[PDB]
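Engineer: Need a 3D model of the following:
(chains A, B, C, D, E, F, G and H, ligands or ions: 207)
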Amino acid sequence: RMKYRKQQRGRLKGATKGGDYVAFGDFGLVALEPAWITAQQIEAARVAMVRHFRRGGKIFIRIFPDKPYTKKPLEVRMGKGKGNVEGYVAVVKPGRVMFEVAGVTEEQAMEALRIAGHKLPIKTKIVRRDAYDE
Amino acid sequence: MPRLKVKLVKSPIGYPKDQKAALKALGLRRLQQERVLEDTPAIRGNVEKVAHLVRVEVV
Amino acid sequence: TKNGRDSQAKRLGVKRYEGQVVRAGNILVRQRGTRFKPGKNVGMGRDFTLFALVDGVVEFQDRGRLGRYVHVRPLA
Amino acid sequence: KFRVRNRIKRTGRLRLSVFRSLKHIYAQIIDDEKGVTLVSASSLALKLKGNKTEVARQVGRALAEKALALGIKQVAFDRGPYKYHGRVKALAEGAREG
Amino acid sequence: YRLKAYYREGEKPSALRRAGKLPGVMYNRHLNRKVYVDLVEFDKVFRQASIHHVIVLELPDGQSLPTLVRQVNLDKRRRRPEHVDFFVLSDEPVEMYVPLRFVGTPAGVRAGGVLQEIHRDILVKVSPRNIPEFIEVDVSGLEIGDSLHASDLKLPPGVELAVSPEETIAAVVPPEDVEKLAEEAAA
RNA sequence: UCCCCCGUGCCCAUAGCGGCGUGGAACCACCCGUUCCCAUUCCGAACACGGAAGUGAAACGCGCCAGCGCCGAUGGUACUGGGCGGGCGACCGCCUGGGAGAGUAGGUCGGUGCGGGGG
RNA sequence: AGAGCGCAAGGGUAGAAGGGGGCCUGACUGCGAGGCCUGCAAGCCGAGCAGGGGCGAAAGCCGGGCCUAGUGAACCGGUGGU
RNA sequence: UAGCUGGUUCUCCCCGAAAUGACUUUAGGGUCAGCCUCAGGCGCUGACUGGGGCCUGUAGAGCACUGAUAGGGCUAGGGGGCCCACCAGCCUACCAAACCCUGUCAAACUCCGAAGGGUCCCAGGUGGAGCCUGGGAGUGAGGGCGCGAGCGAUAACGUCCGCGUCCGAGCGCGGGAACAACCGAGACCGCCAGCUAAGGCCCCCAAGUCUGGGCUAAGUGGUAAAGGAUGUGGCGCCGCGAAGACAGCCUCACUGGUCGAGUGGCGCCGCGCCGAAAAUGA
Ligand SMILES: [Mg+2]
Ligand SMILES: [Mg+2]
Ligand SMILES: [Mg+2]
Ligand SMILES: [Mg+2]
Ligand SMILES: [Mg+2]
Ligand SMILES: [Mg+2]
Ligand SMILES: [Mg+2]
Ligand SMILES: [Mg+2]
Ligand SMILES: [Mg+2]
Ligand SMILES: [Mg+2]
Ligand SMILES: [Mg+2]
Ligand SMILES: [Mg+2]
Ligand SMILES: [Mg+2]
Ligand SMILES: [Mg+2]
Ligand SMILES: [Mg+2]
Ligand SMILES: [Mg+2]
Ligand SMILES: [Mg+2]
Ligand SMILES: [Mg+2]
Ligand SMILES: [Mg+2]
Ligand SMILES: [Mg+2]
Ligand SMILES: [Mg+2]
Ligand SMILES: [Mg+2]
Ligand SMILES: [Mg+2]
Ligand SMILES: [Mg+2]
Ligand SMILES: [Mg+2]
Ligand SMILES: [Mg+2]
Ligand SMILES: [Mg+2]
Ligand SMILES: [Mg+2]
Ligand SMILES: [Mg+2]
Ligand SMILES: [Mg+2]
Ligand SMILES: [Mg+2]
Ligand SMILES: [Mg+2]
Ligand SMILES: [Mg+2]
Ligand SMILES: [Mg+2]
Ligand SMILES: [Mg+2]
Ligand SMILES: [Mg+2]
Ligand SMILES: [Mg+2]
Ligand SMILES: [Mg+2]
Ligand SMILES: [Mg+2]
Ligand SMILES: [Mg+2]
Ligand SMILES: [Mg+2]
Ligand SMILES: [Mg+2]
Ligand SMILES: [Mg+2]
Ligand SMILES: [Mg+2]
Ligand SMILES: [Mg+2]
Ligand SMILES: [Mg+2]
Ligand SMILES: [Mg+2]
Ligand SMILES: [Mg+2]
Ligand SMILES: [Mg+2]
Ligand SMILES: [Mg+2]
Ligand SMILES: [Mg+2]
Ligand SMILES: [Mg+2]
Ligand SMILES: [Mg+2]
Ligand SMILES: [Mg+2]
Ligand SMILES: [Mg+2]
Ligand SMILES: [Mg+2]
Ligand SMILES: [Mg+2]
Ligand SMILES: [Mg+2]
Ligand SMILES: [Mg+2]
Ligand SMILES: [Mg+2]
Ligand SMILES: [Mg+2]
Ligand SMILES: [Mg+2]
Ligand SMILES: [Mg+2]
Ligand SMILES: [Mg+2]
Ligand SMILES: [Mg+2]
Ligand SMILES: [Mg+2]
Ligand SMILES: [Mg+2]
Ligand SMILES: [Mg+2]
Ligand SMILES: [Mg+2]
Ligand SMILES: [Mg+2]
Ligand SMILES: [Mg+2]
Ligand SMILES: [Mg+2]
Ligand SMILES: [Mg+2]
Ligand SMILES: [Mg+2]
Ligand SMILES: [Mg+2]
Ligand SMILES: [Mg+2]
Ligand SMILES: [Mg+2]
Ligand SMILES: [Mg+2]
Ligand SMILES: [Mg+2]
Ligand SMILES: [Mg+2]
Ligand SMILES: [Mg+2]
Ligand SMILES: [Mg+2]
Ligand SMILES: [Mg+2]
Ligand SMILES: [Mg+2]
Ligand SMILES: [Mg+2]
Ligand SMILES: [Mg+2]
Ligand SMILES: [Mg+2]
Ligand SMILES: [Mg+2]
Ligand SMILES: [Mg+2]
Ligand SMILES: [Mg+2]
Ligand SMILES: [Mg+2]
Ligand SMILES: [Mg+2]
Ligand SMILES: [Mg+2]
Ligand SMILES: [Mg+2]
Ligand SMILES: [Mg+2]
Ligand SMILES: [Mg+2]
Ligand SMILES: [Mg+2]
Ligand SMILES: [Mg+2]
Ligand SMILES: [Mg+2]
Ligand SMILES: [Mg+2]
Ligand SMILES: [Mg+2]
Ligand SMILES: [Mg+2]
Ligand SMILES: [Mg+2]
Ligand SMILES: [Mg+2]
Ligand SMILES: [Mg+2]
Ligand SMILES: [Mg+2]
Ligand SMILES: [Mg+2]
Ligand SMILES: [Mg+2]
Ligand SMILES: [Mg+2]
Ligand SMILES: [Mg+2]
Ligand SMILES: [Mg+2]
Ligand SMILES: [Mg+2]
Ligand SMILES: [Mg+2]
Ligand SMILES: [Mg+2]
Ligand SMILES: [Mg+2]
Ligand SMILES: [Mg+2]
Ligand SMILES: [Mg+2]
Ligand SMILES: [Mg+2]
Ligand SMILES: [Mg+2]
Ligand SMILES: [Mg+2]
Ligand SMILES: [Mg+2]
Ligand SMILES: [Mg+2]
Ligand SMILES: [Mg+2]
Ligand SMILES: [Mg+2]
Ligand SMILES: [Mg+2]
Ligand SMILES: [Mg+2]
Ligand SMILES: [Mg+2]
Ligand SMILES: [Mg+2]
Ligand SMILES: [Mg+2]
Ligand SMILES: [Mg+2]
Ligand SMILES: [Mg+2]
Ligand SMILES: [Mg+2]
Ligand SMILES: [Mg+2]
Ligand SMILES: [Mg+2]
Ligand SMILES: [Mg+2]
Ligand SMILES: [Mg+2]
Ligand SMILES: [Mg+2]
Ligand SMILES: [Mg+2]
Ligand SMILES: [Mg+2]
Ligand SMILES: [Mg+2]
Ligand SMILES: [Mg+2]
Ligand SMILES: [Mg+2]
Ligand SMILES: [Mg+2]
Ligand SMILES: [Mg+2]
Ligand SMILES: [Mg+2]
Ligand SMILES: [Mg+2]
Ligand SMILES: [Mg+2]
Ligand SMILES: [Mg+2]
Ligand SMILES: [Mg+2]
Ligand SMILES: [Mg+2]
Ligand SMILES: [Mg+2]
Ligand SMILES: [Mg+2]
Ligand SMILES: [Mg+2]
Ligand SMILES: [Mg+2]
Ligand SMILES: [Mg+2]
Ligand SMILES: [Mg+2]
Ligand SMILES: [Mg+2]
Ligand SMILES: [Mg+2]
Ligand SMILES: [Mg+2]
Ligand SMILES: [Mg+2]
Ligand SMILES: [Mg+2]
Ligand SMILES: [Mg+2]
Ligand SMILES: [Mg+2]
Ligand SMILES: [Mg+2]
Ligand SMILES: [Mg+2]
Ligand SMILES: [Mg+2]
Ligand SMILES: [Mg+2]
Ligand SMILES: [Mg+2]
Ligand SMILES: [Mg+2]
Ligand SMILES: [Mg+2]
Ligand SMILES: [Mg+2]
Ligand SMILES: [Mg+2]
Ligand SMILES: [Mg+2]
Ligand SMILES: [Mg+2]
Ligand SMILES: [Mg+2]
Ligand SMILES: [Mg+2]
Ligand SMILES: [Mg+2]
Ligand SMILES: [Mg+2]
Ligand SMILES: [Mg+2]
Ligand SMILES: [Mg+2]
Ligand SMILES: [Mg+2]
Ligand SMILES: [Mg+2]
Ligand SMILES: [Mg+2]
Ligand SMILES: [Mg+2]
Ligand SMILES: [Mg+2]
Ligand SMILES: [Mg+2]
Ligand SMILES: [Mg+2]
Ligand SMILES: [Mg+2]
Ligand SMILES: [Mg+2]
Ligand SMILES: [Mg+2]
Ligand SMILES: [Mg+2]
Ligand SMILES: [Mg+2]
Ligand SMILES: [Mg+2]
Ligand SMILES: [Mg+2]
Ligand SMILES: [Mg+2]
Ligand SMILES: [Mg+2]
Ligand SMILES: [Mg+2]
Ligand SMILES: [Mg+2]
Ligand SMILES: [Mg+2]
Ligand SMILES: [Mg+2]
Ligand SMILES: [Mg+2]
Ligand SMILES: [Mg+2]
Ligand SMILES: [Mg+2]
Ligand SMILES: [Mg+2]
Ligand SMILES: [Mg+2]
Ligand SMILES: [Mg+2]
Ligand SMILES: [Mg+2]
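Structural biologist: Numbers count the residues shown, from 1 in each chain, chains lettered A, B, ... in the order given. Ligands and ions are numbered 1, 2, ... in the order given. And now the structure:
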């Protein structure tokens, strides 16, 4: 990264934009609940997949943690939390596509993605690639 | 544009100031109170505004 | 915490809208730059303040590549 | 380069627009705010001789004739892209006599 | 593929969706009209037709038209179609996307690797008469790191690409791997 | 009343970029010359004056093509005055009135006022 | 127009507010319709009249600086004048 | 002396706040403004609504600017595969500027941009409306709730603003077991009359153990999550089969066997199940 400074928090209005469509792989993991996903979550989820199908096809991360996360040092009530203890996270509304795999079969893709579900602080659903392309 | 019979059938207690005014605009003060006003774009406006607490009919 | 600081907010903006009567000298718009330009019977001061040059009604106009203008079409 | 045109406008009225060709020169008083011409004393493309400046002062007085007859007086001179001098100046020299 | 349609009007678009009918519109430079179709029927058809294969719409007007699915607005939050467009063809060369067939195992994929098929289909300007069910591409010469472009396609008769000639169609790329995590763990 | 050109204003890219073609009678430009007026941080490039020969190459005017640019619905959705209902919540759904952005279909090598000159 | 506009950011701006040159000192005097802002006090904009001037052929422009910071009631005293 | 605490005595009638802004050796105090009240004057103007004009940059969306951004392509600078070093390009499971395609992000980014909000004109609006002049004030700890944001930890009966509401002053009335602000509703007095609101109609306790149709077998209901499961109904698609299919007859497949006609896999919905440990008696 590089950018500039610490962010305000902001609410997570309806899943409006938060949502996409598979666009890189044969299968996709998609969010159902809204939430800030920590970087360290992305990581664990990602590795959980590669760790699974060793020497596997290709992983596609489609959300990037660009939001600065703040936190107070265990004190009272003034200044703004230097924080960053979790560092950064990416806002994720329901329907947003998180990960996509490719170069692997059903069982490889199903299992691997499913594992990511357990790494994520969200209820999630796997997706094929229906036939819907705009 | 005949006429409108309006009846306040739900207390404005807890409703916005403006809606309270809208009633005073119509001439409704007491509850369950009858009130017939000539159908006009200026009157219907305030009637449509308190719609949820009054009930109308045509006369 | 080098922040927590600001500056007395200047109440600026369009001070008289289209279809309003104005006396000569009335301020029409207090603005940062020339977000509005002068025009028929409307001069502006060193700060960009657009003001009426004569009495009349105020009417706005837009001209794309040429910008927006405030006027005072008189009649009295 | 027509910045001068803008100045003259937001100032008064009755623009003495003055075009001039390599072998010609034209002048027309126009009341803007609606975009209409009051009088048009064309020159080389009308009848006049051969000396540009000598021609200019003629048309200048010429414009004044027809113009001032209709009752005119705002000498708001549209010194076009041309520097005020010689031909354009003589054109003025003319109206400044008629 | 043919599919029954019906004319729509002031009917609340939302209301239709309860009844399992999904609204839509058919149009071309000549005419457009409100419509809708049975969702499940459309689903089953669009599952193969998408926007590549043609689609005949049976209106109660007895009319049957050579429509193409122009776009399908999806409802985010549990993907699912809201509303469908239908570009009723004519005869002039109307452009459109055409599917692809990357046949043959790449030099890279066989020798460990993975093919990332970029475009699964290519936009092309073609007459309605020529609806090439697909276009062939010999993706066998692609060793890892290699990449094919539009300027390298088996363009069929009467067909011509309407995208960029220098656009990329697909490419082979390195495979995810655990050994890479050891090196990534170091940095 | 109709066509062409010249000066000028209005709309302010559907007026633009590019590509091809066309006009020199008139108009305009280009052009000839540097003595006079005027001019170059140097140069008559520019501004300026006196003007024939040449040209329509440049510029400009007119006319074509939709590659870029530009304009762009309908339909649907977002969002939302106001009125309601559901969960612990991050939130969610209905009624009612309003209703985008994006994208699709398509449009576009302009329109027009005044004055002057030429047929 | 992503530069520039003395400095922070912003708004504005090449149809100049930016860059260069000629002449000049209105970084005038006496006023000031009408307003912006506003609890008070302050702060800000200003056409126009008179006087005497600057630049321009003229229409005109000039009561400092593209604008928004660069500041201090009263009290007490210094200084020059009437 | 006390800018602090306490105390301040008869009745009825009318109206009825504030807990905000500015400045304050000011911060639990004051001064001016706001909000209440009385008198006089003005007289349709007032809140609210209709129509019309202008102003605006939020919700949403977008990448055109400022930046951020994954993958790929393409290509200056790093390392080179075939090596070639006093040189080279397609290209390398190598680090990357610019640019292009795919795909995204932003309070301090906007090519766009609502709903709405403000103001003016015309119209309706006679109301404890409105305006002007004065006399008298109190208030300047607010609080809860809804909504929009900041802070906080998408903690707090948290805190700080914005719009609204109610409590304050309606701890008067009905409901919510009990409970300032949640639902209903603004109590002048009387009545052993009537109608409804919210909420209810098995008993405590007024009113149907009402009618018609489903679901639940947990006391769920009687208030917990990720997650897990041949719980149970409803819906849908995909595989086998009387060419005999599914189990078990070592069998699954399959034919003679035979019950022979159903069977296996997945997905969506309603209600439930597990996950589920606390201190006086439930
Ligand atoms: Mg699922
Ligand atoms: Mg695409
Ligand atoms: Mg897209
Ligand atoms: Mg209430
Ligand atoms: Mg109220
Ligand atoms: Mg009563
Ligand atoms: Mg009565
Ligand atoms: Mg700072
Ligand atoms: Mg501050
Ligand atoms: Mg502030
Ligand atoms: Mg004013
Ligand atoms: Mg001035
Ligand atoms: Mg200035
Ligand atoms: Mg207008
Ligand atoms: Mg322009
Ligand atoms: Mg000219
Ligand atoms: Mg005739
Ligand atoms: Mg004739
Ligand atoms: Mg005519
Ligand atoms: Mg004609
Ligand atoms: Mg013309
Ligand atoms: Mg005009
Ligand atoms: Mg060019
Ligand atoms: Mg030619
Ligand atoms: Mg020719
Ligand atoms: Mg010739
Ligand atoms: Mg010669
Ligand atoms: Mg000589
Ligand atoms: Mg000499
Ligand atoms: Mg120089
Ligand atoms: Mg010199
Ligand atoms: Mg020369
Ligand atoms: Mg010249
Ligand atoms: Mg000549
Ligand atoms: Mg010639
Ligand atoms: Mg030419
Ligand atoms: Mg040429
Ligand atoms: Mg043309
Ligand atoms: Mg043209
Ligand atoms: Mg073309
Ligand atoms: Mg195109
Ligand atoms: Mg329509
Ligand atoms: Mg629409
Ligand atoms: Mg609609
Ligand atoms: Mg709504
Ligand atoms: Mg519940
Ligand atoms: Mg939680
Ligand atoms: Mg809530
Ligand atoms: Mg509607
Ligand atoms: Mg519309
Ligand atoms: Mg709109
Ligand atoms: Mg879009
Ligand atoms: Mg896009
Ligand atoms: Mg469409
Ligand atoms: Mg052209
Ligand atoms: Mg056009
Ligand atoms: Mg046309
Ligand atoms: Mg047109
Ligand atoms: Mg005309
Ligand atoms: Mg004519
Ligand atoms: Mg002519
Ligand atoms: Mg003739
Ligand atoms: Mg003829
Ligand atoms: Mg640019
Ligand atoms: Mg700039
Ligand atoms: Mg500079
Ligand atoms: Mg900056
Ligand atoms: Mg700036
Ligand atoms: Mg400008
Ligand atoms: Mg300048
Ligand atoms: Mg300079
Ligand atoms: Mg200068
Ligand atoms: Mg100088
Ligand atoms: Mg100078
Ligand atoms: Mg010098
Ligand atoms: Mg006076
Ligand atoms: Mg005054
Ligand atoms: Mg004053
Ligand atoms: Mg004011
Ligand atoms: Mg004041
Ligand atoms: Mg005071
Ligand atoms: Mg004062
Ligand atoms: Mg100041
Ligand atoms: Mg003055
Ligand atoms: Mg003078
Ligand atoms: Mg003169
Ligand atoms: Mg002045
Ligand atoms: Mg000045
Ligand atoms: Mg300066
Ligand atoms: Mg200056
Ligand atoms: Mg100070
Ligand atoms: Mg100081
Ligand atoms: Mg000071
Ligand atoms: Mg002092
Ligand atoms: Mg003192
Ligand atoms: Mg003294
Ligand atoms: Mg003294
Ligand atoms: Mg005191
Ligand atoms: Mg005491
Ligand atoms: Mg009493
Ligand atoms: Mg009494
Ligand atoms: Mg009493
Ligand atoms: Mg009283
Ligand atoms: Mg307070
Ligand atoms: Mg202050
Ligand atoms: Mg003060
Ligand atoms: Mg105080
Ligand atoms: Mg005190
Ligand atoms: Mg007071
Ligand atoms: Mg108040
Ligand atoms: Mg009296
Ligand atoms: Mg009267
Ligand atoms: Mg009235
Ligand atoms: Mg209105
Ligand atoms: Mg309106
Ligand atoms: Mg309307
Ligand atoms: Mg905007
Ligand atoms: Mg905001
Ligand atoms: Mg947003
Ligand atoms: Mg983008
Ligand atoms: Mg960008
Ligand atoms: Mg931009
Ligand atoms: Mg920016
Ligand atoms: Mg960028
Ligand atoms: Mg990616
Ligand atoms: Mg990248
Ligand atoms: Mg990479
Ligand atoms: Mg790469
Ligand atoms: Mg090498
Ligand atoms: Mg080596
Ligand atoms: Mg070596
Ligand atoms: Mg060697
Ligand atoms: Mg060498
Ligand atoms: Mg060497
Ligand atoms: Mg060497
Ligand atoms: Mg060497
Ligand atoms: Mg050697
Ligand atoms: Mg060597
Ligand atoms: Mg690069
Ligand atoms: Mg990379
Ligand atoms: Mg780039
Ligand atoms: Mg924010
Ligand atoms: Mg910033
Ligand atoms: Mg914008
Ligand atoms: Mg648009
Ligand atoms: Mg709007
Ligand atoms: Mg609006
Ligand atoms: Mg309005
Ligand atoms: Mg009036
Ligand atoms: Mg009225
Ligand atoms: Mg009355
Ligand atoms: Mg009264
Ligand atoms: Mg009252
Ligand atoms: Mg009251
Ligand atoms: Mg009044
Ligand atoms: Mg007063
Ligand atoms: Mg008073
Ligand atoms: Mg008083
Ligand atoms: Mg007081
Ligand atoms: Mg206060
Ligand atoms: Mg407090
Ligand atoms: Mg306080
Ligand atoms: Mg309060
Ligand atoms: Mg409150
Ligand atoms: Mg609150
Ligand atoms: Mg709320
Ligand atoms: Mg926000
Ligand atoms: Mg949040
Ligand atoms: Mg909590
Ligand atoms: Mg909070
Ligand atoms: Mg706020
Ligand atoms: Mg109350
Ligand atoms: Mg009580
Ligand atoms: Mg008590
Ligand atoms: Mg109770
Ligand atoms: Mg109660
Ligand atoms: Mg209470
Ligand atoms: Mg209460
Ligand atoms: Mg009551
Ligand atoms: Mg009583
Ligand atoms: Mg009673
Ligand atoms: Mg009795
Ligand atoms: Mg009743
Ligand atoms: Mg009844
Ligand atoms: Mg019962
Ligand atoms: Mg009991
Ligand atoms: Mg009973
Ligand atoms: Mg029962
Ligand atoms: Mg039953
Ligand atoms: Mg149990
Ligand atoms: Mg618990
Ligand atoms: Mg449970
Ligand atoms: Mg929980
Ligand atoms: Mg949770
Ligand atoms: Mg749950
Ligand atoms: Mg659960
Ligand atoms: Mg499961
Ligand atoms: Mg069970
Ligand atoms: Mg079932
Ligand atoms: Mg089997
Ligand atoms: Mg066998
Ligand atoms: Mg059998
Ligand atoms: Mg299966
Ligand atoms: Mg499903
Ligand atoms: Mg249990
Ligand atoms: Mg136990
Ligand atoms: Mg216990």
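
Engineer: how about residue B:19, phi and psi?
Structural biologist: With angles defined as degrees, to the nearest 10, residue B:19 sits at phi -60, psi -40.

Engineer: Can you tell me the SS state at the closest residue to residue E:132 other than its chain neighbours?
Structural biologist: Nearest residue to residue E:132 in three dimensions, chain neighbours excluded: residue E:156, at 5.0 Å (Cβ to Cβ, 6 or more residues apart in numbering or on different chains). Using the backbone N, CA and C atoms, a C-beta is placed for each residue, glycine as well. When classified by DSSP: H, G, I helix; E, B strand; the rest coil, residue E:156 comes out as coil.

Engineer: residues contacting residue E:90?
Structural biologist: Taking Cβ atoms under 8 Å, 6 or more residues apart in numbering or on different chains as the criterion, residue E:90 is in contact with E:28, E:30, E:66, E:128.

Engineer: Could you tell me how many residues sit around the last one?
Structural biologist: This means residue E:128. 15 (other Cβ atoms under 10 Å in any protein chain shown).

Engineer: Which single residue of chain E ends up nearest ligand 8?
Structural biologist: residue E:187 (34.4 Å; Cβ to the ion).

Engineer: Relative to residue E:12, how far out is that residue?
Structural biologist: Per Cβ to Cβ, to the nearest Å, residue E:187 is found 58 Å from residue E:12.

Engineer: just residue D:54 next, same as before
Structural biologist: Taking Cβ to Cβ as the measure, residue D:54 falls 83 Å from residue E:12.

Engineer: between those two, who's got more neighbours?
Structural biologist: For residue D:54 and residue E:12, the more surrounded residue by other Cβ under 10 Å is residue D:54, and the numbers stand at 12 against 9.

Engineer: Chain neighbours aside, what residue packs nearest to the residue nearest to the spatial centre of chain A?
Structural biologist: The geometric centre of chain A, computed from its C-alpha atoms, lies nearest to residue A:98 (Cα atoms, centre = their mean), at 4.9 Å. Of all residues not flanking residue A:98 in the chain, residue A:29 sits nearest, at 4.9 Å (Cβ to Cβ, 6+ apart).

Engineer: just residue B:46 next, same as before
Structural biologist: Residue B:46 sits nearest to residue B:22 (Cβ to Cβ, 6+ apart), 4.4 Å away.

Engineer: Can you report how many residues neighbour that neighbour?
Structural biologist: Residue B:22 sits with 22 neighbouring residues when counted by other Cβ under 10 Å.

Engineer: Help me confirm that it comes into contact with residue B:49.
Structural biologist: Yes. Using Cβ atoms under 8 Å, residue B:22 is in contact with residue B:49, at 4.7 Å.

Engineer: Quick one: the strands in chain D, in order.
Structural biologist: D:15-19, D:26-31, D:36-40, D:76-78 (DSSP state E).

Engineer: Let's have these in TSV, adding mean neighbour count and distance to chain A.
Structural biologist: Formatted as TSV, those follow (neighbours: other Cβ atoms under 10 Å in any protein chain shown; distance: least, Cβ to the nearest Cβ, whole Å):
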stretch	mean neighbour count	distance to chain A
strand D:15-19	20	53
strand D:26-31	20	55
strand D:36-40	14	54
strand D:76-78	19	52
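
Engineer: any idea how far chain C is from the residue nearest to residue A:130 when sequence neighbours are not counted?
Structural biologist: Leaving aside its sequence neighbours, residue A:130 sits nearest to residue E:79 (Cβ to Cβ, 6+ apart; 7.2 Å). Residue E:79 is 42 Å from chain C, where distance means Cβ to the nearest Cβ, to the nearest Å.

Engineer: Check the secondary structure at residue E:79 for me.
Structural biologist: When classified by three-state DSSP, residue E:79 comes out as coil.

Engineer: any idea how far it is from residue A:9?
Structural biologist: According to Cβ to Cβ, residue E:79 stands 29 Å off from residue A:9.

Engineer: what about those two, which has more around it?
Structural biologist: Remark: of residue E:79 and residue A:9, residue E:79 carries more neighbours, 19 against 9, as counted by other Cβ under 10 Å.

Engineer: pretty sure the more buried one contacts residue A:21?
Structural biologist: Yes. At 6.9 Å, residue E:79 counts as touching residue A:21 under the criterion of Cβ under 8 Å.

Engineer: shared neighbours, these two?
Structural biologist: Residues touching both residue E:79 and residue A:21 (Cβ under 8 Å, 6+ apart) are residue A:132.
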